Number of protein chains: 4
Amino acid sequence: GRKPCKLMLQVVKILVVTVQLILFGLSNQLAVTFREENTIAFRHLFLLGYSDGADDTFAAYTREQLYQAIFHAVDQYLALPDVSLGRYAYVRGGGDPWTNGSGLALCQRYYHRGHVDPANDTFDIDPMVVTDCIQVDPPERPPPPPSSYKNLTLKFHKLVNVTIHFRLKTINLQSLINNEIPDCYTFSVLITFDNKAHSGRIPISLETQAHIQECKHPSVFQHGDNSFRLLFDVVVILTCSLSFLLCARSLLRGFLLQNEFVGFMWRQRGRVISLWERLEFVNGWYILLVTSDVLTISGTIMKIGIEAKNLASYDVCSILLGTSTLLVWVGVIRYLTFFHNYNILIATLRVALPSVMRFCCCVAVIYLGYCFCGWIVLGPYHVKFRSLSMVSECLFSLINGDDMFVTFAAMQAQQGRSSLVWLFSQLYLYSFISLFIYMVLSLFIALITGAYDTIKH
Amino acid sequence: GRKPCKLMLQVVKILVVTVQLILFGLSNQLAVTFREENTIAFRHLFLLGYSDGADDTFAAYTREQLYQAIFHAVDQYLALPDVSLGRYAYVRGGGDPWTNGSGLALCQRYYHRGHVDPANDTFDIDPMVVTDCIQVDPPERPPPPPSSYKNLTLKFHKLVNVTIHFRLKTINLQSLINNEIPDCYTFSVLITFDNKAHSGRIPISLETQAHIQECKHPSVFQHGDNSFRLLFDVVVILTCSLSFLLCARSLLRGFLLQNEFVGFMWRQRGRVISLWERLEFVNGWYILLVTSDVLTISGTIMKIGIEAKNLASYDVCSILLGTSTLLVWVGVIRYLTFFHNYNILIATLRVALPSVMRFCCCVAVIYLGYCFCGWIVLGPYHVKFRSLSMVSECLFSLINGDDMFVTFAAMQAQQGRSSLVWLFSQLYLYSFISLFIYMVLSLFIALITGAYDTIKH
Amino acid sequence: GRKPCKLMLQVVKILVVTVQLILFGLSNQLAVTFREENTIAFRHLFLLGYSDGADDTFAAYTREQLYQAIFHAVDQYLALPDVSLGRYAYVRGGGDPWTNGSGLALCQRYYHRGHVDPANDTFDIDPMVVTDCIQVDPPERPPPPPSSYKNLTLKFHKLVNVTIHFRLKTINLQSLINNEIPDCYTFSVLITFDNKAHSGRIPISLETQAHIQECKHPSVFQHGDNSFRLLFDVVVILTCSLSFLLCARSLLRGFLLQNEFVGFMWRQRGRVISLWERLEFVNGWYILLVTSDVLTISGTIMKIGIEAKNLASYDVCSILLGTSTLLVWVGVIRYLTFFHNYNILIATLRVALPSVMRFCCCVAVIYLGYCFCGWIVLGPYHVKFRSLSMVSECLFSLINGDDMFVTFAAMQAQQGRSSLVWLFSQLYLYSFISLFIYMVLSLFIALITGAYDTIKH
Amino acid sequence: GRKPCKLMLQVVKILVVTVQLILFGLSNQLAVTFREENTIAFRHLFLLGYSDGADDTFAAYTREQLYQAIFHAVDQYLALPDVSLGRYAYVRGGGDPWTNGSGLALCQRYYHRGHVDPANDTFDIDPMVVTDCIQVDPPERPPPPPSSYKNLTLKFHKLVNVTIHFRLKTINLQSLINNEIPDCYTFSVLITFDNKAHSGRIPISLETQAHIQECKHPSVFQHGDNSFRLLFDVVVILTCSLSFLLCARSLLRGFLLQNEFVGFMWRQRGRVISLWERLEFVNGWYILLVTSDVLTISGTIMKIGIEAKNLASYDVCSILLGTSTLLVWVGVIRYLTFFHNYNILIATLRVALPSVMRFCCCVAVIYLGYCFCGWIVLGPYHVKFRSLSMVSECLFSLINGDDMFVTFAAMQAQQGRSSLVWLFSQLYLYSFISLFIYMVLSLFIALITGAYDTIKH
């Protein structure tokens, strides 16, 4: 008899790919919460007079600040097991910015041969990153019976930046959720005294990389728990293969139908018709669904890599799982359109979206003109129109009424400075928002309003 | 003759249940304002270097901070009647974390037998909450003629957390609004030095429970004022019983009508008539009324409990009063529809809401796909997409233009770190907002626009 | 011949009343900017460790803070001509909280006879404001040859509050805009150490009243400049009288028309005219004009009072000018409707506003139900639903997407504390905003959309 | 044969003028980022106890603060090469506020002859800016073998303000992007201790001008890189001239058509052609193109001046480039209307915009009435309605739900102070937003909704 829709096991991916995403995501989130709080700790340890909030605003301006910051950072490394809580340990380094038997490396980056003097110009600056590094590594015990890191000179005129390199091995003690011996961590701190500007302002930033592995243990019943999350991706590879195999057969019927439309008896209408509706001939939504497959499966293999080998980078695969989850979950709509009544409500979008897109091109075209205009006029005077990304962000957030009073307040502060710019910004912001709220959005509403009107008749 | 609508004494609940809610709410609000300001006081007393604002950001990072915080907390307990204003007194405790004759109890929670060491792994951690508590309680007078709380070691490597337990009895002197002798209070402070992460960051949080009772007094004319607010709930129980009794009789006529629709002469068309009409044949107004009722009456009994006995917990009953007040106040609309003209304006909603809900399922379906996608990609790099509750909160607040520039500003800060994530977030946020403002909301408007168009014809 | 519209001199009020408002407003604004910056100065002078921002958060918690705050305030009064800039002088007081020959008066407000003790209750508190005031006033010169304000005890158990009363005479040196000798000022500072709670938190607030007058000067050409702003209100009284006289004659024709419907020949159609339509035939535009008028004229007389003697109440008159300016400026629309095309665009509002108001009653009715519900549930746990004004403010601002993420962030902070309240607030906020954005606003749009549709046919 | 649209080389300006804008903008932005960070540096150097954030809130209140601020500023100038990083040098001044051989000039501005005293009025203030300046300039080397800037008296009663004038020459070391010897800079700092109020609050503000030039160097291959960006404006002048020449010939045909419409045979219908339609005949596209043109060309000449000449001021030319880029980019729409389908979507705007503008006049008219009303009532009590620019900003940002809860929170703070003002502001804000969201915006939507309805029929 009539067997049911065995092809509709795409519902399995609605859970499986989402659970693959949430299993990964809940573990990966939990790692970051540990990762960042450590970087918060290192800022409280290694930065001289750091505060919870000032990151971009935290910086050196005098020379004694820069010295005392560096020495404060170093002396806080030297006494890490003494004063700092959490229990870290020194790397004992064998890498590039550390010598064969060194741990903390404060490293200048300054010009090779050069000179700077206004009103008496005689110099020959030859741009170069001549890095001088001072090594230091203290032992754990008190000093046994058997130097110049303090005797250190920056050359501030000549100084690009100062980088304090070190790594801290550590044991993530949120492992007791697994209930056995822990998984092992290694932070890679970089205290950067950045002076690329030479403007008398030196951002102090402490930033870390994380490297994770499993360190020696002979105990029992930890190794089995890892395999359950490892095995679940094979369900994803099993579903993905089935989905990838299933759309292509539907495409085969596409290619068959291509023939059969003319093919029962050829010359339906002479020759060579381009059949623009036929150019949307295959029901491609399932190919779009299967392509979201390819990003899921390409995601999982790359996630299995990052898990199963020393590969440590969560960017592309993290996008590919999310994009695929999103692009599967948007696909639940075209699963939902097998219902009759719901299909009318979604068909309104699929009859309007050409018109809405065809209008949106015009709005984007104006919006860009505004993004350019405000950028060069309000880039000098105001923070929130500095770069074209930030102008577009601030404007595109300003269309919905976010930080509008906060922008308009920045204008008044520059009313004493160039009233033409203030009055220009008043006229500019008003003309931007009034157009985009009462004429654009209104028309975006009008197109779909008219679509919903036209579709039922 | 024709007696009036005596069944329309539901108007009584519009005041009575609202007044029950406001009488309770104004007294309960007034208690919290006292409750919290005391917790603000205890943070200024018992926390070493606490500031008005930093609660989540307030934490220890070095070991001398943790010591000095604990000792500062203890020495501020020891000298509470000395230095602190407001007039408290010590509990003189006979509970669980205090011994038979103790007051302040600083209490470690640390591992039983265990060890931690990177690059030389030999340990056997056996997860346990071996709590060591140090008791202390000072007398009021100066020391008469007839120890090691300072001689205290944390074991930071081993430390889960440190909890300082105490209670403070106190007299709420906002009782003079009643005009007689006061009602009596007891706070239950818990200073938590939480280190479940072992990330070198230890949140310091001081949190209190409140226990209220009436302490000895022989004076006159306080006991009568309490009874007036006690008696008013009996009006609620009186109205509620009448409302619960009145709906069920209307439902009886429902059950009778079931028979009588076919029952004047059976087989109108066999048994053909879709009992969907039966689903709309009983008036659901009365079910809305009873849903209000049961929450009001369940509210009141639980409110009478919290008032009349040692029960001190304002959660469920506080929801049940509010839900019932809300669900009565939404019911004023279907009281309001006995008017003819108003009924057309509300009938637009009751003809559209099926379509609006049937569309909303599709929007929620996409929105979830976005909630997943942004969560794993923007969970590591950004604060505002950390967990799926916060992603949904931030997105669902971001659809209306709240903190959009503040999210887009968090993106730029992570533009140096993984440009693919920045450019992904730019494309992600834009695609989220542009869809949800110009195509979704517009269609939500279109459905009701078309409903209002269709209803009058 | 046909004389023009001499009755249309209402255009004169569009300038005159606006100029009366701006002349007043620019002078009154300029006074406040001086008034407040002085209160900022006094906070930096007289408050111990005050910061630019903390006003509500600025408070005492220990007893030594309260002492040192008061003594710091007093010693900053004692040395005002020494250390403070701006040039003030002492009042030399002859008022109520100062003795006949005193200046600074620190004044307790504490209970008469009473006692407070938990767990050993024996007291007889007799609510009273027994105020003890300590007087002090230093001379300008160094001490010539010819006490216990430091020897002062608060009784903290007994203490309601401590108020430091003083006044500072001063010369507003922004008078040189007038170009002659200055107008003279007197501030009235009140440092309040408020402890009505007895919760160990004592808000420290410094607040001032301003009293202005003209102090001795024999010079020439200052007195003429005041008369020009004085005379301009007589133009307002001249226009107002003409407008008030003009409407009433139009109302006379109203009263005549009331008669004359039946009055050409009685029994026109029996009693078939309902007369309520006649109540909505007559033009309220002149009543709108008179409502503007009476507020303008009542404004001016009260402004002429404050100017021409005794000087110290704005509030009501300041509302009456603004309300009248607003209510005149809204009247420019019904001046604007003498045009034909514009009248169609405003007639859409005057055919829809009954329906919009008739719907709005239902929305407000739900909105109130939400305002009650959220108040008692989210009053304890959250700051932004504390009182029904603030609930309504936060909700009614939350309908447009203001501080929504900031409310939703307050929820997560109370997720550990009573998950039912968190999950309730999640469901509550969502249900509030989703209803009010996609179903309410959409219908508000639908009514006017349909009005604009229906009006042209 | 038929040659193509050679007149459509306006597409060249879409890139050329945009690239002219971005080339300029990316270089000009990069200069400001250097310019401002230096002003951040000078605030950290020359201001006593300055913080990252407090600019408007940063100010002096006592006299010892003002002294120590000035002396701190001076002693930080005196030791600039000692302590400050970034490498500056002293001007060695020959300008107006410096003597022939001076560098740092602290300069009072105080009254000539005058006196101030309340309650004993005898004075003759004669408004004058009698400036006393104290000169100082230290040498680079230690003091060789071969005064009263500390022995300095302000006269605070008499003091308008104190200005510390100096300039710092500096070498912008972000020149290595060009890869050769740097371009040379000169900052012009002004530390202003502003006391125009005499309210005991003295804003301390440090502000700089920038003067750039090229200082001596004999090296090779820097001079060629400048010429490439110089030459690219000649492409703008080349395109602009062609565009300006092309429109005017199209206008000639305009003037010719005027004649030719009646002119094949005049008296087409008696007197009629009526001519008013001819008054509304002429095609604006080319005027929009020329309005872009003139601003581009006027921009470029002034940009060539500003860079290559006595380089002075980035205001007008910066507006003219942006306005021209914007006004060209809006012109891409009327290039886009040569398509048939797109023209219907833009024609909706060009049939509605008269009606939308004709309505907007009424909304603006009410909005102004609100802007006046709120200004005088909420100017004293609240920060966000201080001046009519800020009232309009706050209201016009408040229509979209920006800082609404933040305004409504400012109301509650003034609920104790004049409840009539609080309750007035509650009623005011509600009446403002409820009108402007549900009746105005809704009608703005309705007009375009109806336009889109009417256009297709």
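The chain as shown is numbered from 1 upward.
Structure determined by electron microscopy, 3.7 Å.
Backbone N, Cα and C atoms are what each Cβ position is placed from, and that goes for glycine too.
If one looks beyond the transmembrane segment (D:7-27) by at least 6 residues along the same chain, the residues whose Cβ comes under 8 Å of a Cβ in the stretch are 229, 232-233, 235-236, 239, 242-243, 246, 289, 292, 296, 300, 303, 321-322, 324-325, 328-329, 331-332, 335. The transmembrane segment annotation in Swiss-Prot covers D:7-27 (among others).
For the region 'Extracellular/lumenal pore loop' (D:48-62), the list of distant contacts is 40, 68-69, 72-73, 193, 200-205: same-chain residues at least six beyond its ends, Cβ to Cβ under 8 Å. The region 'Extracellular/lumenal pore loop' annotation in Swiss-Prot covers D:48-62.
Other Cβ atoms within 10 Å of the Cβ of D:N161 (N-linked glycosylation site) number 17 in total over all chains. Summarising the annotation, Swiss-Prot assigns N-linked glycosylation site to D:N161.
According to Swiss-Prot, the transmembrane segment annotation covers D:230-252 (among others), on the basis of experimental evidence.
Secondary structure of the topological domain 'Cytoplasmic' (D:253-281) per DSSP, as helix, strand and coil residue counts: 15 helix, 2 strand, 12 coil. As annotated by Swiss-Prot, topological domain 'Cytoplasmic' applies to D:253-281 (among others), with the evidence given as experimental evidence.
Marked as transmembrane segment by Swiss-Prot: D:282-302 (among others). If you look at the transmembrane segment (D:282-302), the same-chain residues 6 or more away from its ends with a CB under 8 A from one of its CBs are 10, 13, 17, 20, 233, 236-237, 240-241, 243-244, 247-248, 250-251, 254, 316-317, 320-321, 323-324, 327-328, 330-331, 334.
Taken from Swiss-Prot, the feature topological domain 'Extracellular' covers D:303-313 (among others), and the record attributes it to experimental evidence. Counting only same-chain residues 6+ beyond the ends of the topological domain 'Extracellular' (D:303-313), those with a CB under 8 A from a CB of the stretch are 24, 211-213, 230, 233, 321.
Proximity of distant same-chain residues to the transmembrane segment (D:314-336), defined by a Cβ-Cβ separation under 8 Å and at least 6 residues beyond the stretch ends, is recorded for 8, 10-11, 13-14, 17-18, 20-21, 24, 28, 285, 288-289, 291-293, 295-296, 298-300, 302-303, 305-306, 342, 346. The transmembrane segment annotation in Swiss-Prot covers D:314-336 (among others).
Under the heading topological domain 'Cytoplasmic', Swiss-Prot lists D:337-358 (among others). Long-range Cβ contacts of the topological domain 'Cytoplasmic' (D:337-358) within its own chain (Cβ-Cβ under 8 Å, at least 6 residues beyond either end) map to 444, 447-448, 450-452, 454-456.
Marked as transmembrane segment by Swiss-Prot on the basis of experimental evidence: D:359-379 (among others).
Counting same-chain residues at least six beyond the ends of the topological domain 'Extracellular' (D:380-387), those with a Cβ under 8 angstroms from any Cβ of the stretch are 374, 394, 403, 406-407, 410-411, 414, 417-418, 421, 425. The topological domain 'Extracellular' annotation in Swiss-Prot covers D:380-387 (among others) and is backed by experimental evidence.
Look at Swiss-Prot and you will find D:388-408 tagged as intramembrane segment.
Sequence annotations record features per position, and here Swiss-Prot assigns motif 'Selectivity filter' to D:400-405. Note on the motif 'Selectivity filter' (D:400-405): residues 384, 394, 429, 433 of its chain, located 6 or more positions outside it, place their CB under 8 angstroms from a CB of the stretch.
What Swiss-Prot lists as topological domain 'Extracellular' is D:409-422 (among others), and the listing cites experimental evidence.
Summarising the annotation, Swiss-Prot assigns transmembrane segment to D:423-444 (among others).
With 10 residues not built between them, D:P146 and D:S147 place their Cα atoms 14 angstrom from each other. Within its own chain, the intramembrane segment (D:388-408) has Cβ neighbours under 8 Å at 367, 370-372, 374-375, 378-379, 382, 429, 432-433, 436-437, 441, counting only residues six or more beyond its boundaries. Same-chain neighbours of the topological domain 'Extracellular' (D:409-422): 377-378, 381-384, 429, counting only residues six or more beyond its ends whose CB sits under 8 Å from a CB of the stretch.
Sequence-distant contacts of the topological domain 'Cytoplasmic' (D:253-281) (same chain, six or more residues past either end, CB-CB distance under 8 Å): none. Per DSSP, the region 'Extracellular/lumenal pore loop' (D:48-62) is made up of 0 helix, 3 strand, 12 coil. Secondary structure of the motif 'Selectivity filter' (D:400-405) per DSSP (helix as H, G, I; strand as E, B; remaining residues coil): 2 helix, 0 strand, 4 coil. Look at the topological domain 'Extracellular' (D:409-422): DSSP puts its residues at 9 helix, 0 strand, 5 coil. DSSP assigns D:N161 (N-linked glycosylation site) to a strand. Residues in the topological domain 'Extracellular' (D:303-313) partition by DSSP class (helix H, G, I; strand E, B; coil) as 6 helix, 0 strand, 5 coil.
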